[PDB]
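# Coordinate inspection notes
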Amino acid sequence: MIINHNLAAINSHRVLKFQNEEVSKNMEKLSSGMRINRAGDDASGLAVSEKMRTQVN
Amino acid sequence: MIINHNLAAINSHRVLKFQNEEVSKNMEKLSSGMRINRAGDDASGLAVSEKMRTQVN
Amino acid sequence: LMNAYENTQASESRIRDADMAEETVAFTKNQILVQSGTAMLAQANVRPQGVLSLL
């Protein structure tokens, strides 16, 4: 067995970090209470939402 | 994962601060019974309302 | 006088009173870092034990 590298550890760490990214994004989105909080998630949705907010005001 | 800076906590606190500010504004508006209250909410409305109050007196 | 008292108290609270939600995160971060540091110190204490086998 090769001990110079731990490919299983590398893969697990990569999956862990790319899941932590998603959990942080979801927690931010839910704590803000808004689906389109701050991103390029839905560009058209954000544009239409801002236009609708201006119309509401 | 980086533990020197809890960015999710920072974002949640940032949202919470402004939410509490809006809560306080709404509470003061409820307690006073007047929409304008202090200046900056609607400067033109406040000026016109003062003029109408003088007219009423 | 009542209005001035209210505004002055608000300003004094703003510039002196701590925001508990603002540094609860800092406190938890600091104790987490303390735990990590003490774990690393415990790990490094037994580090030189590997040389005893050579004697």
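The notes below deal with the structure included here.

## What about the overall build of chain C?
When helices and strands are tallied, chain C shows 2 helices and 0 strands. Computed over C-alpha atoms, the radius of gyration of chain C comes to 25 Å, more than 25% over the 10 Å expected from 2.2 N^0.38 for 55 residues, which places it beyond the range of a compact globule. Projected onto its principal axes, the C-alpha coordinates of chain C cover approximately 85 × 15 × 5 Å. Element-wise, carbon and sulfur atoms account for 62% of the exposed surface of chain C, whose accessible area totals about 5100 Å². Averaging the positions of the 4 positive and the 6 negative side-chain charges in chain C gives two centres separated by 16 Å.

## Structural notes on the pattern of salt bridges
Tallying each qualifying case throughout the model produces 5 salt bridges over all chains. Across the pair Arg35(A) and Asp42(A) runs a salt bridge, and its minimum N-O distance is 2.8 Å. Across the pair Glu6(C) and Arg38(B) runs a salt bridge whose closest N-O atoms are separated by 3.9 Å. With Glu6(C) in helix 1 (residues 2-16) and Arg38(B) in the loop between helix 1 (7-32) and helix 2 (43-56), the pair connects residues from two separate chains. Note on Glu6(C): relative accessible area 43%, which makes it partly exposed. Residue classification places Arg38(B) among the partly exposed residues on the basis of a relative accessible area of 43%. Here the salt bridges share partners, and the residues they tie into one network are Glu28(B), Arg38(B) and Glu6(C).

## Here we look at helix 2 of chain B
All names here are of chain B. For helix 2, built from 14 residues, the straight-helix expectation of 20 Å at 1.5 Å per residue is met to within 8% by its first-to-last C-alpha distance of 20 Å. Summarising burial for helix 2: 0 of the 14 residues are buried, a small minority. Backbone nitrogen of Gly45 and a side-chain oxygen of the N-cap are separated by 3.3 Å at the start of helix 2; the cap is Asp42.

## Some words on the interface of chain A and chain B
On the side of chain B, 4 residues touch chain A, which itself brings 6 residues to the contact. Both faces combined, the contact of chain A with chain B buries some 360 Å², and carbon together with sulfur accounts for 62% of it. Scanning the region where chain A abuts chain B turns up 0 salt bridges. Seen at the junction of chain A and chain B, the total is 0 residue pairs in polar contact. Residue composition of the side of chain A that touches chain B, grouped by class: 1 nonpolar, 3 polar and 2 charged.

What counts and what doesn't
- Positions along each chain are numbered from 1 by the written sequence. They may not match the entry numbering, and residues without coordinates are not shown.
- For naming, the first written chain is A and the first written ligand is 1, with later ones following in the order written.
- This view covers only part of a larger assembly, and the values given relate to that part.
- Where side-chain values are given, they derive from all heavy atoms of the structure, hydrogens and water being excluded.
- Secondary structure elements are defined from DSSP: runs of H or I of at least 4 residues count as helices, runs of E of at least 2 residues count as strands, and each element is numbered from the N terminus.
- Between the two quantities, the radius of gyration covers C-alpha atoms and the globule rule is 2.2 Å times the number of residues to the power 0.38.
- Note that accessible areas follow from Shrake-Rupley with a 1.4 Å probe, and for residues the cover is restricted to the protein chains shown.
- Positive residues here are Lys and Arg, negative ones are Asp and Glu, while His and the chain termini are left out of the count.
- Throughout, a charge is located at the NZ atom of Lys, the CZ atom of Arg, the CG atom of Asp or the CD atom of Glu.
- Here, a salt bridge means any side-chain nitrogen of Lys or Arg that lies within 4 Å of a carboxyl oxygen of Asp or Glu.
- Burial here depends on accessible area, computed with a 1.4 Å probe over protein chains only, as a share of the maximum for the residue type. Under 20% is buried, over 50% is exposed, and the range in between is partly exposed.
- Helix span, as expected, comes to 1.5 Å for every residue beyond the first.
- We call two N or O atoms a polar contact when they sit within 3.5 Å, provided that within protein one can donate a hydrogen and the other can accept it, with sequence-adjacent residues counted only if both atoms are side-chain atoms.
- The contact rule is simple, with two residues in contact once any of their heavy atoms fall within 4.5 Å.
- Accessible-area loss on putting two parts together, using a 1.4 Å probe and summing over both, is the definition of buried area adopted here.
- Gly counts as polar in this scheme, as do all residues outside two lists: the nonpolar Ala, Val, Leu, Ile, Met, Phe, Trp, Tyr, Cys and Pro, and the charged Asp, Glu, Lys and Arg.

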